[PDB]
Structures are given as structure tokens and as C-alpha cells.
Amino acid sequence: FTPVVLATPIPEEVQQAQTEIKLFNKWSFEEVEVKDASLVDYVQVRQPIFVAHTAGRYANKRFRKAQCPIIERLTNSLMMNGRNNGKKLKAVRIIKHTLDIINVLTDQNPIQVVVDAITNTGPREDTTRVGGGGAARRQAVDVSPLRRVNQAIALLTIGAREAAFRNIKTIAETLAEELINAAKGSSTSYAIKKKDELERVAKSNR
Amino acid sequence: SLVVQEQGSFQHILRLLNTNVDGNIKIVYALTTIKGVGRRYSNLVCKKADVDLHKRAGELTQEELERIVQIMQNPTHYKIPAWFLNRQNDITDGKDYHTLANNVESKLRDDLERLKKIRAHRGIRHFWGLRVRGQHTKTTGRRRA
Amino acid sequence: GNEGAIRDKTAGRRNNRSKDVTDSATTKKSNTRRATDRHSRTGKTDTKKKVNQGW
Amino acid sequence: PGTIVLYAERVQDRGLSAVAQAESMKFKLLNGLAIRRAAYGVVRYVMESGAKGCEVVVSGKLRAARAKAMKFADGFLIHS
Amino acid sequence: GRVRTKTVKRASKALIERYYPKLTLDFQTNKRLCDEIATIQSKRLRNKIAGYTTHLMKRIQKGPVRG
Amino acid sequence: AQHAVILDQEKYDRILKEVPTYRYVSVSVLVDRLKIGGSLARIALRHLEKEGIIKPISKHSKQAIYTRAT
Amino acid sequence: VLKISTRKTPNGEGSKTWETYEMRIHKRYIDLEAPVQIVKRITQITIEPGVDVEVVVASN
Amino acid sequence: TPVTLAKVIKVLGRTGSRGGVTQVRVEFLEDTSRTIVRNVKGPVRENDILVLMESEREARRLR
Amino acid sequence: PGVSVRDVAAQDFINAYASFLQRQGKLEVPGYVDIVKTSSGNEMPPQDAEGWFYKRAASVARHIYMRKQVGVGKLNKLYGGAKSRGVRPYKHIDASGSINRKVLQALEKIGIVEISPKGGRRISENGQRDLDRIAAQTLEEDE
Amino acid sequence: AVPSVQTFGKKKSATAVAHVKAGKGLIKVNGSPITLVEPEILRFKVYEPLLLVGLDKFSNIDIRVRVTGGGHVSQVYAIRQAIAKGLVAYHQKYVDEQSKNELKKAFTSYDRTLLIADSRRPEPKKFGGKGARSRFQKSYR
RNA sequence: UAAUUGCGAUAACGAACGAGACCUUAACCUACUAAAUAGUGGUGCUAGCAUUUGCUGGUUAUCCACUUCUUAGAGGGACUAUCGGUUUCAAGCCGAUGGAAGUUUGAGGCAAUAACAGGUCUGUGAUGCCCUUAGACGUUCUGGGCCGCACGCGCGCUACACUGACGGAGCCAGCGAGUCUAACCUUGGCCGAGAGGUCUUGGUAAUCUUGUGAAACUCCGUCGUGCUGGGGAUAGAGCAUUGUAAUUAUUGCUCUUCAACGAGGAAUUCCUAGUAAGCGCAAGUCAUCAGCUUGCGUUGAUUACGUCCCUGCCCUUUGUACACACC
Ligand SMILES: [Mg+2]
Ligand SMILES: [Mg+2]
Ligand SMILES: [Mg+2]
Ligand SMILES: [Mg+2]
Ligand SMILES: [Mg+2]
Ligand SMILES: [Mg+2]
Ligand SMILES: [Mg+2]
Ligand SMILES: [Mg+2]
Ligand SMILES: [Mg+2]
Ligand SMILES: [Mg+2]
Ligand SMILES: [Mg+2]
Ligand SMILES: [Mg+2]
Ligand SMILES: [Mg+2]
Ligand SMILES: [Mg+2]
Ligand SMILES: [Mg+2]
Ligand SMILES: [Mg+2]
Ligand SMILES: [Mg+2]
Ligand SMILES: [Mg+2]
Ligand SMILES: [Mg+2]
Ligand SMILES: [Mg+2]
Ligand SMILES: [Mg+2]
Ligand SMILES: [Mg+2]
Ligand SMILES: [Mg+2]
């Protein structure tokens, strides 16, 4: 990998993969593909970033929020509850830990199981509050291709956020155990539960 | 440190000073369940008896304990500053004492009825079951009477 | 005096919580004649060929 | 003594600087002039005195227990 | 949401009304034209005045327009 | 103050053979098995690293991740 | 920048509207290389009402 | 589970009482040159894609 | 190659200075570090309790070296942190003044800081002579 | 006197002053090596300019930066911009323009405030609540 | 369109106040003017480790050059520009590129006509009238009260913890202020656990206090889910400070006491980008007293980028016997 050394020591650890296939701090940004037809063009990978901390204006325009590294928009969605409003450094640290995991168990690269975690936590259909006249029923609606992920990330965090309350298990493990169940949702992730129930009532109007 | 495993040295519960103590909690935090003992008044005496706090309560073989109390029941003869205790100049003998868990409930009343017997306004306050430190009483402390 | 303050019963939060609050405590603003503000109560008016001499 | 002395300098075309005319009406109304007459006089004076615009407001009570307020303005006047 | 004031719009038409030989379709050229052809009071003001004249003169080379 | 938060002489045996079959580990994972409290569990973590028990893929304090001896 | 933040109402009624006032000061120093008779040459027509003039002596 | 291929061709406008919804005519990327004008919940732009459960259904403006 | 203090990581370096100075012996502790909480703004005293003076004397020097001169006051403010005044909002206050005032004297008598002119205390020259030596010793960790 | 330049990087309040000498590839911010700045997680945020532009590009240069003002994160974002603008400044004077036009291109293809100084700025609070746009709570009798 | 802001339609044509302009502040200048009260490079003088010449400092002027950083003067710069999409292809709008900047560029400042029995005679030696005026409603002096406590309401502060408290350690701002007939801001050396004491000095200030080493925050540990070490009310005993005076405890520190509080019913507040929220700081106040306010920077989201459903207010139309105008 044609190493280069000079006056200030540049550890080979950072010198081994810089211009090599761009990876995360420890994970490949290549090979992470969206496994859902929709949400494509709305899950920003390719391009890569080694650490999720970017001072980029994403709200001065309506949709610029979509071209933002999705894993980063997941991180900042943790520094909430006042208690964590700001604290992005504490958050980003939890993510590196969380993505060191599930890898521990799930061989698959974490930035892959994360896109798999948001794919199956998007409420394809939902309900609304029709005017209807007085005692209104609900109307079957289909969420947008970005409120889909917005709701997906918000669902995942809030679920893991409450799990870490009053218990020894770390916020990192809850988010990790939430994303594994969310990789392909199987009966436990707070996120898939709330989604299917926000969808099973979308059929209660038809 | 490193992992340690004694055979039967650890005892779950053992009373002393007329008070109980959980053995499964650290001993620089267990001992503070007594009255007149604090997270700091404890820390000071702990290594003064050359005892290592890193381990729990069922530990600390009794010899140490037998005089661990003596150091607090006799806190000035055993090198502890007299600005670190709850009772200095007492009220009538100028000595400096530490009151710990049975005399504290008593000594509280000692001074309490002293101001009462003296008619001091703050004694009056106490007798009325009110705030004595002059804090506003119209909007605060309402339903716990 | 102070001996009177202690000996005298009827004082203390006990001798007081025992009673009930006068419902007047839970009272309201008792709007201060604010619905009659636009109507002059002076019972007097200003003549018109008095103001034409003033203004 | 000597550290300061003051000299009197008449003000050029007093009818452009407000303070001059403000005091002018004060002494006009105080001499019994009609409110409208005295006010209108200083306005036409200030205009023929050079000013691009003028305005004068009189507030308070004039023989009427209720306080009134009249405005008198001529020409151009910017406010923002 | 910045519709230009008619103060600048009234000025832009009044100059294209008498300076078409001059007043090229470029802003910068038109900008340095006002400092010499107009008596505007501020950069920003003349900037929208000249910036507008340009849009008007850019459209006249497409067709006619009111004013 | 509950459930064996100290040495637990016959529990010391349990932790010896419980370390295999585990793809994850942390101070939480220790108390998560009817076991020792986090305070004694915390320093026991690398007391295993002394000889071929774990794989410290983790980095620092407040979060630890070891892995099966390879 | 000398700032003065004060409520506009003389009383304490109405919306609690504040008002910050400003006074800006400018002080400029110049080190010269002049003679002992121009000391009072640029001393009198040096002024314009409003500028406080201050001349200093050597560095000690 | 039968799903649908739907790409929005163009957008109509914001229906619904509070305005949080909007009618949108889409095109099926399966058997194209299609319809239906279904509605969504989140904010959308053109060229988007989304899955619908029952394609044999379409509701008009919401009250 | 030629190292400097700046060329070493702050925490794994002063902690190396701690083990070194702890195992050296010339301390001259005022004898009262059994109790002091190190600041009014602190709830309890440090947890080392055999040490933490060398750990404080570790960075008490590191800082003085990188700067021209320093004084007792500045150190109090540096380590001094926020104090939870119970139900009142948190506020910052300086640390203890003597635990600093004579953590210097305890180490200037050992000759690693000089009472610099202009007021303050500058890094000593022999203290500047053990600048890289201790720094180097820590580079030996990843040799 | 050797070929050298000066540049800067400005975050919300932090300002980073970088001097680029013609040396043997030394980079020590404030006198301390870049190897470890302090925000260990944010470390790569300043390492990337080197990794993006090809990492050697240093054999005949020497950079050292100082940072006044700012905060624990305001300064880290200003130095990276300061050094990136610095290296392009060097390529303007002493090297050709194509090797420079390729560098500003390799930057702007990934640039996160790397060369264009982020213009964001703290908004001033207005009376009626402790906060820029936040207002105090209302009562409604 | 933020705008009676324009387009367009047009018995109206062309204008003024108000909106805009404007003014201030925050953002762009390696282009101009240069500054030991701002700073950079070289060089002396000077110190450490490594040597191979290097790396990191010291140096109230040792000299030399400069203005990138700093500062504040003069200019310039943006005009929604270019291209495109949308549209009476009109005002405009929207996307992309460029750009310091493209949400009235962000934030303010100012702000017409009218309206109120809105608040202010407790700011005014602004005032009309009335009251009182020597046993005074004048005035000062002594002490007490505005804090008084069965409760009801409102603006807040600290929490219920493990995105934590604690302990070491890393350790970064910005808006301000500040002592002459003087006692203001205070570095530094000691004594003191602390609070604090004490001995000197800089400073009328970009010069000294100060890089305000602030706090959250980052790191390494102890703690282990249990009112627990979360929490810090109440309370006792002691040491300080302010002050003529601290009792009803001015404030600070120390030990001990260790409440309620395990995420809050019905209800309702603030808010769209460096904003919210978390964080501390200065300033006002001030002898002492911030849980207040006014400014500041520090760390930094979510979700909007829409509608008139709720609520409020405008604007038409319309009825009106109201015009003191639905009080
Ligand atoms: Mg206790
Ligand atoms: Mg001219
Ligand atoms: Mg600190
Ligand atoms: Mg600290
Ligand atoms: Mg607190
Ligand atoms: Mg606060
Ligand atoms: Mg300059
Ligand atoms: Mg762009
Ligand atoms: Mg009234
Ligand atoms: Mg008045
Ligand atoms: Mg009196
Ligand atoms: Mg009051
Ligand atoms: Mg209020
Ligand atoms: Mg801490
Ligand atoms: Mg003492
Ligand atoms: Mg002096
Ligand atoms: Mg407890
Ligand atoms: Mg506590
Ligand atoms: Mg809540
Ligand atoms: Mg104050
Ligand atoms: Mg106040
Ligand atoms: Mg009519
Ligand atoms: Mg009615």
C-alpha cells in the first residue's frame, strides 16, 4: 500500500487504509447496499466518511437532509432529551461502540445491518385523522420515502433510549440489540412492533 | 487489583454499634448507614486503621473493627482535625465531640429543648414545628406537616 | 412574651392544619370596575361652546 | 476665574431649529392666542423660513376637562 | 421572497427608456454605468436598480414588454 | 445488594467455563447471568486477559467488548 | 462599546420591553519625532469641538 | 405478500384538513403507463418511489 | 531521535510521571493529604489516597513547563470545577489554595520549578533537564 | 528565508493560523504533534485532509498551527480548513497550477467546510426570553 | 410578495408618508493605508532531549523585515447572479452550478394615520384640583414590618440517575467591567482543610487583573441497580466574610442529619439552523446578597419547508334604528 513516513510519526494503522478502499473507522463503506427498492436515493452511503461528525447545513433547503450520511443522521438522533441536547461527542462515541458490536456476533459489516435495520422499520402504510364530521375514522395513508427512514431512525432510538433507562446495560448495547432485531425485524425490536401496529390499523380503514 | 476469592471469611450480615450492615456492599460505603457518620467521616478513619477499602464488608477480619470504632469514639486522641466533626465546643464544656447514632437523636433534642427552655425565638419556631432558618413560609412546605 | 408564645396554645402547624381554609382563599380577581370604564362616571359633560373657545 | 467664559451667538434662521419654534408657541399660547391661530402661525412661518416640512402637536386640556390633541403639519415629512 | 420595490422598478424603466445604445446585457457593466449616469444614494440600491435593468434589457432581446 | 455481588467461591468455577460460546461480553453481560455485581465484575474482565481468554476488540472505559479466545 | 440596557416604561406595566443604548469611544495614539518649539504649534489649530487631545512624554 | 411498484410521475397538491397530506399520481414500474393517484404522509418530491399494500384502491381528497 | 513533552499523550504521560515520582521517594507531602477534598466545589477527596499527589504533581509540572510562568491562583482555577450547590445552579469555583501552593514548594525543594521573576513560578532548568527523559521512558511503551 | 506561506481556518469563533515552511514534513499544532490532539473520536476529522489528497505530499513542507478562541470542537474544525487552504496556497506560489487545481478539486469533491469557511454564526438573543428565538413561558391568567 | 410588494386587469393617469430605501451589528478581502498597548518570520542573547544539521521553550525591546492572523480606517462585494424548471411563460417562484454570503443575506434599529378613560401624580423642583400642615400625611431619629402561614394560583431553580453521580486527569470561549482625592479590578509569595487571612505589585486599561485554563464536554478509574454513592429539602454543632447592626438564622466553608422525589392527571408554554435544548460567563442590581434579568460565547439535534382544522387577527361583502358607535 506504498507507505510514506516523515518527521511527525504517522502510525501504520492510519497509514494502511487512507487511499485504500475507503472504510469507516474500522468498516468497509463499499459492499453496503440498500436491500429495499424504495429508500434508494434516500440512504446516503457511497459517498463514505470515516467518522460521523460533519458540520454541514442540511436544513437551509428542504431535501438537503436526504444527501446527508445516513449513519450520521442516526447518531445525532441520540443526543436528545435535553439531557443529551448537544453532547454529539458522547453520542458519536456510543455509535463507534455500537457498531463495534453486533459485528461481534453478526459477521456482516455494521453499516450494512444498519441499513437493513431501517429498511424493515418504515411504516409503508399508516393512518390519519380524517375530518369526517365529528367522530372521524382514520384514512389509509402511505408514508413518504424519507419520512419512512426518518420515522425508522426515530423509532429505533426511542426504543433503545427507553431500554437503557434504569438498567445496567449500556445505551450502546440496547441500540446494538435493537438493530440486530431490526436488521430483519423479528418480534422484539420496539421499532418493528410500533411500525406494524401503525400499519395494521392502516387496514382498519378500507 | 486482581480477582480474589476467600473461603468463608465473608459474612453477609453482622451488627455493631447498635446498627446493621450489608456485607455485600463496600465497607467505605456500608459503614455510612449509621447516624452521625458520613461518606467523608468514614473515608478518613478507614485508612487511618490501615485497612484497604477496595473489598466489601464481610471482609475486614474483626481485629481491625474492634478498634475501628475506638478511633471514632476517640477521634481527637487518634489524629483527626477538630473542624471535621459535628459537635465542637459542645454547648457547656468547650470540648469537641462526635456524636454517632444514638446520642445524635438525643443530642438533637438536647440543644432543641435547650433553646426552648431558654425561650429563644428559634426554640419557639421548633416548638411550633416550622422552619427555623428564616426561609419564607407562605408559599413553601405545605402538606408534609 | 416569649414564654407566652410557647405556653399559649392555639399556635403551631398542628393547631392550624386541624382547621379548614376559608373558602375566600380560593377566590378570584373581583374585576375592578372594568366593564364601566368607557362610561364617564363624573356625571358632568363639557359644553360645546366652551371647547370651541379652547380649541 | 478665567478657566471659562461664554459668548452669545445669535442662531441663524431660528425657524428651522425646532427648539426655537417650540418655545415660540409656549410663549404664544401663554399670551392668550387661539390654539389654532398660534399653532398655524409657527407652521406657516417655519415653512416660509426654509424648512422642507413641519409639524406640531398640542396635547393636554384647553378649558375642556377631557384632554384633546391636534396636529398641524405642512409640506414633506419622512418618518422611517 | 424579494420582489423589487417599484422605486427601483420605476427607475429601471425610466433609464431603458433613454439609454438603450448603452446599457449592455451585463450587470457589472450596467452597475458602473449608474454611478456615472444616475444619482443613486447607495450601492445596494443601485445594485438592484442595475440588476433589474439587466433583466428587463435581457427580455427586450426576446420581445416587447409593458413600459 | 442482591444476587452474589462478591467473590462467591463456587461461582468462581462458573465463570471459568462460561467464557466460551460467548460472541459478546461486557460488564453488563456478566451480571446478566444470575451473577456478580458490576463492581467486582469490572476488574475481573481483564483478569481473564492475563492468559488467552478474550479478544479485546474494545477500546476504553464505560464500554468493553472482548471476544472468544482465538 | 458602552451599552445601557434598560426597560422603556418608567413604571413596570405592559410587556417587559427592554432597550439597549450605545455610546462608542475612539482613542488614537501617535508617537512623534518633533522639536521643542512645535510643542505648542500643533496644540491650538489641532482641535474640532468634541476630540479630547492628550500629549505624552518619554517612556519612563 | 403482494407488493406494488409505484413511482410518482407528478404531484397534485396538499389535500387534507391540516394540510399534512397530498394527492399524488404515480406510475407502476411494473406494467408502466399506469395510474393511480394515491396519497402520502411524509414530505415528497418528484421521481420518488413507494410501496402500496392494496393497489386495487384509491381515495380522493380527504375531508 | 529527540523527543519532547509535547510529543507524548497527556494522560499516559503524567500517569507515568506518577509511578516514577511515586516510586522515587523525595516527596515532602505536607502530611495532611488524608482528608482534603482538593476544593470546596468537590464532594469527596480523591480515590487513590496513597498517591494522587504524585498524579497531581505529575500535571502540576507538565503545565508549568509548557508556559512561561504560573501562580498558585491559576492552578486553583484550572482544576477547580463546577460545584453542585444542592438545589441551586452549578457554578465554577477555584480549587484548594494550599494543596497547590505547597505542591510546588514540595517540588521546588526537589528542584523542578523555580520562583520565576515577574511573579509566578517557571519550570526549573534541571526540571527542564528531565523533560524528555520521562517523555522518552513513556515512548518505550510502544517501542 | 525559504519558500513559505501563511493561511487560516475559521470556525464559529475559533481562528486557526497555519504557517507552511519548506521542510521535511513536520506537523505540530501549537507545538504538539498532530498524532494526538485530544478529541480522540474527532481525531480523524483533521487526519482526512492528508488521506484525501494522497497522503504523502509533504516531503518538502512543514506545517504548524496555533488556535486562539473557540471551543473543544470549534478549533478542531478550523485547523483542518486552515491546513487544506494552506497546502493549496503553497501550490499556488511554488508549484504549477494543475497540481493545485487537482488538489482543490479533490477537496471540494468531499469538502465539509474544508476550504469555504462555514458562514454560520451565533444569533443574538432578544429580550423576552433566555434564548435566540426561544421565549419565556406564558401564563394566560 | 414579509409588505397598498409588484405583475396583470383597469376611468383613471402619474406621486408622497408608512413598507422598501435607510442605519447598526455578525459574516468576505494575502488589494490600500501599519501598529512594543496587536501579531508573524529571521536573528542575536538563551534552555532541554537527541544528535547529523533537528524538535520544544525562555528572552518589556538585542536587532532586522513584514501585516496572514489581531485591530479599524478607506474602498470593493450581491444584484437572488448564471443556466435551467414553473408561470398570463408577466411579477414572481423553484432546482442545479458558482459563490464569504443567495430564508427582507442572518440579527436587530427606526417606523405613518388613528385608536385606550391601558399603566405611570410611588422617577421627575413635570403638573390641575382636593386633602393635610406643628399632637404634621412635612422631616429626621430608635425599633418593628414589607419575609409574617391551615391554603389557592404563577415565573423559576435542583432532581428522580448508568447518554449517570463521583474521583483523578485532559482542558477551550465570548459579550463586559474596573481606584482621585482613592479604597475599584487584583496577579504574585507565604499561613490556613476550607472559607479565608496576610505581604506586595500592575492597571484610569487592547498596556495590569486575564489565554478570564468558565461550564457542560473529552479521557481513566471506583461504584452496580437496590431511593443506591441518584437526590439534596430540613436540621444540629463549628469556623469565616459583608457591615454601625446578621436574632426571624445576609453570603461563604466544614462535619453531621439524608425528606419528597422511581418521568408527573386534566390541562398548557417556547420554538425551524448554529435555531431548539443542554452549558457555564459577563453585565445590570450590589457594602453583603441571583434560583432574576440583559448580553455572550461554549456543545449542538429532532422534525417542518405545509395547511385554515383549532385558536387569534386582519380583509372584502352585508345588515344596522349604533356615531358617547354593542361598555
Ligand atoms: Mg448518614
Ligand atoms: Mg456625482
Ligand atoms: Mg476546569
Ligand atoms: Mg478538573
Ligand atoms: Mg445541584
Ligand atoms: Mg442557566
Ligand atoms: Mg489585514
Ligand atoms: Mg452550492
Ligand atoms: Mg382605569
Ligand atoms: Mg408621571
Ligand atoms: Mg426608621
Ligand atoms: Mg415584595
Ligand atoms: Mg414572565
Ligand atoms: Mg467527571
Ligand atoms: Mg486551621
Ligand atoms: Mg500605582
Ligand atoms: Mg439513599
Ligand atoms: Mg450528591
Ligand atoms: Mg417527560
Ligand atoms: Mg454580581
Ligand atoms: Mg430583578
Ligand atoms: Mg351601510
Ligand atoms: Mg354583548
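The residue numbers of chain J are those assigned by Swiss-Prot, with the residues present covering 3-143 sequentially.
Determined via X-ray crystallography, 3.2 Å.
Yeah, the Cβs are placed from backbone N, Cα and C, and that goes for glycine too.
What Swiss-Prot records for this protein:
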type: CROSSLNK; residues: J:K30; note: ubiquitin cross-link
type: MOD_RES; residues: J:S34; note: phosphoserine
type: CROSSLNK; residues: J:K47; note: ubiquitin cross-link
type: CROSSLNK; residues: J:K59; note: ubiquitin cross-link
type: MOD_RES; residues: J:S61; note: phosphoserine
type: MOD_RES; residues: J:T70; note: phosphothreonine
type: MOD_RES; residues: J:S76; note: phosphoserine
type: REGION; residues: J:123-143; note: region 'Disordered'
type: COMPBIAS; residues: J:134-143; note: compositional bias 'Basic residues'
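Within 10 Å of J:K30 (ubiquitin cross-link), counting C-alpha to C-alpha distances, fall none of the recorded positions J:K47, J:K59, J:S61, J:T70, J:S76. Under the three-state DSSP scheme, J:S76 (phosphoserine) falls in the helix class. If you take the C-beta of J:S76 (phosphoserine) and look for same-chain residues 6 or more apart in sequence within under 8 angstroms, you find J:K13, J:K14, J:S15, J:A16. Among the recorded positions J:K30, J:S34, J:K47, J:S61, J:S76, the ones whose Cβ sits under 8 Å from a Cβ of chain I are, in sequence order, J:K30, J:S34. Ranking the modified residues J:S34, J:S61 by how many Cβ atoms sit within 10 Å of each one's Cβ puts J:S34 at the top. The distance from the Cα of J:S34 (phosphoserine) to the Cα of J:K59 (ubiquitin cross-link) comes to 21 Å. For ligand 13, none of the recorded positions lies close by, meaning a CB under 6 A from one of its atoms; the full candidate list was J:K30, J:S34, J:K47, J:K59, J:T70, J:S76.
Shown are the recorded sites J:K30, J:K47; of these, the residue with the fewest other Cβ atoms within 10 Å is J:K30. Per DSSP, the secondary structure of the region 'Disordered' (J:123-143) breaks down as 0 helix, 0 strand, 21 coil. Checking the recorded positions J:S34, J:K59, J:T70, J:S76 against chain A with a Cβ-Cβ cut-off of under 8 Å leaves no residue at all. Proximity to chain F, defined as a C-beta distance under 8 Å, is registered for none of the recorded positions J:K30, J:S34, J:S61. J:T70 (phosphothreonine) and J:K59 (ubiquitin cross-link) are 27 Å apart (CA-CA, integer value). The two recorded residues, J:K47 (ubiquitin cross-link) and J:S61 (phosphoserine), have Cα atoms 22 Å apart.
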